[PDB]
There are 2 protein chains.
Amino acid sequence: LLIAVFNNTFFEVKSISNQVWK
Amino acid sequence: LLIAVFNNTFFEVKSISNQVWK
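For every chain, the first residue of the written sequence is numbered 1, i.e. counting runs from 1 onward, and this need not coincide with the entry's numbering; residues without coordinates are not included. Each chain gets a letter, beginning with A, and each ligand a number, beginning with 1, in the order they are written. Here we see some chains out of a larger assembly; the values all refer to those chains and nothing more. Excluding hydrogens and water, the side-chain figures rest on all heavy atoms present in the structure.

By the method listed in its record, cryo-EM, this PDB entry was determined to a resolution of 4.7 Å.

Below, the structure is given as C-alpha cells:
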C-alpha cells in the first residue's frame, strides 16, 4: 500500500531535487 | 493488479482523511 504513496509523490520531489542539485 | 486498484483511488482518499481528521 505504501507503493501507492511513493507513486503519487515522485513528480514534485523529482523537480525539487533537480532544482536543489542545480 | 491490486497495486493499481489502490493507486487509482489514493488522492481523494488522502484528502477525505485529512478533512475527517481535522
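Next, the rest of the story.
A.B. asks: Describe the relation of the copies chain B and chain A, listing the residues and the values that go with them.
C.D. replies: Mapping chain B onto chain A leaves a residual RMSD of 0.4 Å; the transformation is a rotation of 89° accompanied by 0.4 Å of translation along its axis. Here the transformation between the copies is reduced to the relation of a four-fold axis. Copies of the molecule are overlaid using a least-squares fit to their C-alpha atoms.

A.B. asks: Break down the interface of chain B and chain A for me, citing the residues and quoting the values.
C.D. replies: In what follows, residue pairs with any heavy atoms lying within 4.5 Å of each other are defined as contacts. Counting residues at the interface gives four residues for chain B and six residues for chain A. A combined buried area of about 500 Å² lies between chain B and chain A, and 74% of that area is made up of carbon and sulfur atoms. Accessible-area loss on putting two parts together, using a 1.4 Å probe and summing over both, is the definition of buried area adopted here. Among the residues of chain B in contact with chain A, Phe6(B), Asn7(B) and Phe10(B) are the three that bury the most area, contributing 77% of the side total. By definition here, a salt bridge exists when the distance from a side-chain nitrogen of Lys or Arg to a carboxyl oxygen of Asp or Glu is within 4 Å. In this assembly, chain B and chain A are joined by zero salt bridges. Counted as a polar contact is a pair of N or O atoms within 3.5 Å, where, for protein atoms, one must be capable of donating a hydrogen and the other of accepting one, and residues adjacent in sequence contribute only when both atoms are in side chains. Joining chain B to chain A, the criterion identifies one residue pair in polar contact. The residue makeup of the side of chain B that touches chain A, split by class, is three nonpolar, one polar and no charged. All amino acids are sorted into three groups, where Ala, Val, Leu, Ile, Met, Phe, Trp, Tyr, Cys and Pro are nonpolar, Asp, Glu, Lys and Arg are charged, and the leftover types, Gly among them, are polar.

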